[PDB]
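Backbone-built Cβ (ideal geometry, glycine too); neighbour counts: all protein chains shown. We did not get these values from a lab; they are worked out from the coordinates using the rules stated.
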Amino acid sequence: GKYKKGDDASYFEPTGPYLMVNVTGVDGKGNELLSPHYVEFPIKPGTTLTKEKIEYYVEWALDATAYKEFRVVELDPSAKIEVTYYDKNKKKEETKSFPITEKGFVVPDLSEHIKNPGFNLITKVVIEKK
Amino acid sequence: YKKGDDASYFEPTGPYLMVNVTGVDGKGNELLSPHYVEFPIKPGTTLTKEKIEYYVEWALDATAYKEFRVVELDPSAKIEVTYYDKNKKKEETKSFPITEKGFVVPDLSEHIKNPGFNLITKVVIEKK
């Protein structure tokens, strides 16, 4: 490609829990500047993900694009981290949502159901150049 | 490695600004009929009215009017980009007005590697 997202990034699917960032970067006046690029970051259950760590993960997800030099200004207040998996026991698909807060929430261990759950972050973020 | 020197004899492989300019004098007599030039651009750049003015002046340097300066730009000018949305399977077109504050060049990577940002305008030019 002309900008192949993935310097070295794993060629095969992740072997453990990961955070998937899919943000759309916008300016203040509501103009879309950057379309969502797929980016993965491994995470560990037991970790606490706060709003500040989320802000830094999205700034790092931009470094994978042409907007590598932008900083996060403001994260959509309604963003949440969602995870979807199939529960072995009940036999249904289930989805958990965690809100992005200052105190934060702890990464759950869903390994009993899936070894590599995908924690999804899909929002808009106002970004500005450094 | 950035975005290319003297520019390609083929189609660019990165975002680029296509400049289509008609140069007139202070009386609207036409001096230069539509003249086309390409400039590579980088997503994330803020394109202001003043920057556009400089780009059109540079566009004139490859013509009999290289010694002329841009005096006024048509106030109805706009930058438009047309691409094919890969999610919607349709043609999409975005317009950006030329203003003093300007606008930030979007990255349309998800849909097209080398989008062409079209600038069609008429400008008053006068010898320096």
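Here are the numbers:
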quantity	calculated
Distant-in-sequence amide H partners of A:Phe105 (H built 1.01 Å from N, under 5 Å)	A:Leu49
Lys/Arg +1, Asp/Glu -1 at C-beta; region A:6-82 dipole; positive extreme among A:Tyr11, A:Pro45, A:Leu34	A:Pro45
Local electrostatic count at B:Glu72 - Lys and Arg +1, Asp and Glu -1, tallied over other residues with Cβ under 10 Å	-2
Inter-site label distance for B:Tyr9 and B:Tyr36 at 7 Å from Cα along Cβ, in nm	1.8 nm
30 Å Cα-Cα threshold exceeded, pairs from A:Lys2/A:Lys103; A:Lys80/B:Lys88; A:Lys51/A:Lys115; B:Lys2/B:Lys127	A:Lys2/A:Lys103; B:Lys2/B:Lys127
Only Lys, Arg (+1) and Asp, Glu (-1) charged, at Cβ; the protein assembly as shown dipole about Cα centre in debye	540 debye
For the protein assembly as shown, calculated [θ]222 nm from helices alone, where every DSSP H run of n ≥ 4 adds -39500 (n - 2.57)	-3000 deg cm²/dmol
Total charge dipole magnitude, region A:1-112, about the Cα centre, Cβ charges on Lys, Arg, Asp, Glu only, Debye to nearest 20	240 debye
Residues whose placed amide H lies under 5 Å from that of B:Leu17, excluding near-sequence neighbours	B:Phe39, B:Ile41, B:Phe117
Residue pairs, from the table B:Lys42/B:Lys101; A:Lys130/B:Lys3; A:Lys53/B:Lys94; A:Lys4/B:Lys3, whose Cα atoms sit over 25 Å apart	A:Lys53/B:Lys94
Neighbourhood net charge (13 Å Cβ-Cβ; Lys/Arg +1, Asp/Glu -1) for B:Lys86	0
Low-density loop positions, chymotrypsin sites (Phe, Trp or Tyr not before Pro), region B:1-102 - DSSP coil, at most 13 other Cβ in 10 Å	B:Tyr1, B:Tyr9, B:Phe10
Phi-based couplings in Hz for region B:112-128 (Karplus 6.51, -1.76, 1.60; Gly and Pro marked x)	8, 6, 10, x, x, 8, 8, 10, 10, 7, 10, 9, 8, 10, 8, 4, 5
On Cα atoms only, tilt of A:51-62 relative to the major axis of chain A in degrees	60 degrees
Where labels lie 7 Å past Cα in the beta-carbon direction, separation of B:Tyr1 and A:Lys90 in nm	5.1 nm
B:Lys78 long-range amide H proximity, modeled H, under 5 Å	B:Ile120
